[PDB]
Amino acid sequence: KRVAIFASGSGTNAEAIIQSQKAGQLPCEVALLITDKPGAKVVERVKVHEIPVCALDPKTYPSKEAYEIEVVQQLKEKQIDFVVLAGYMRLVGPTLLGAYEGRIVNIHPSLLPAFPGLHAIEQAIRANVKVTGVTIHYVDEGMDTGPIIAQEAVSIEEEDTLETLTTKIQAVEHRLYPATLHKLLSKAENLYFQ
């Protein structure tokens, strides 16, 4: 029962998922990290668990399709059953989606459909909303589109800044992503690991 994670930068969501496996809550094993650069905390955090990492810079490839062909090659090689995006900053193209349709999920720091795309916490602050939150969803063709699995609201208090709100939102993500993955990939159904 193998999961791949796509992540970059700090990798705190990837860490919470790995911690959830160690707790006995995730009903699968993290088997691969796909990332953009070697010199990042997420690589360090994952490497110490002896989980394979494939660091593919997308700009090295002639096209998005060529990059995704290599991505899919890696997922197939590691016998990946499910794909978890955890701070993956690119759109998922037709090659990746075609190979893993119905088996890719994502987390996004807004209540979709509000504030899709990059820097959604900053978007909510700039729009002066009073409530934002976190969305976990299946990945389909478009930007942050696909059937929504879970959402949780977070209030923006008057004293909140980008930093303090980001902390609150990350706390929700670290609890919610693994709890949602546990419920979704429950051993009751054999669904994704047949």
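Numbers for residues come from their place in the sequence shown, where the first is 1.
In the PDB record, does 65-73 or 29-37 carry the higher mean Cα temperature factor?
Comparing 65-73 with 29-37, the higher average CA B-factor belongs to 65-73.
Comparing average C-alpha B factors as deposited, tell me which of 79-87 and 104-112 sits higher.
Looking at the record's C-alpha B-factors, the answer is 79-87.
Using the entry's values, work out which of 141, 157, 50, 44 has the largest Cα B factor.
Top of the list by C-alpha B-factor: 141.
By the record's CA B-factor, is residue 132 among the lowest, middle or highest third of residues in the chain?
Residue 132: CA B-factor falls in the lowest third of its chain.
Consider only the C-alpha atoms of the modelled residues in this chain, order them by B-factor as the entry records it, and name the third containing residue 164: lowest, middle or highest.
It falls in the middle third of the chain.
Is the Cα B-factor recorded for residue 179 in the lowest, middle or highest third of its chain?
For residue 179, whose C-alpha B-factor we compare with every modelled residue in the chain, the answer is the lowest third.
Quick check for you: using the entry's CA B-factors within this chain, is residue 121 in the lowest, middle or highest third?
According to the entry, residue 121 has a C-alpha B-factor in the chain's lowest third.
Against its chain's modelled residues, does residue 12's Cα B factor rank lowest, middle or highest third?
Ranked within chain, residue 12 CA B lands in the lowest tercile.
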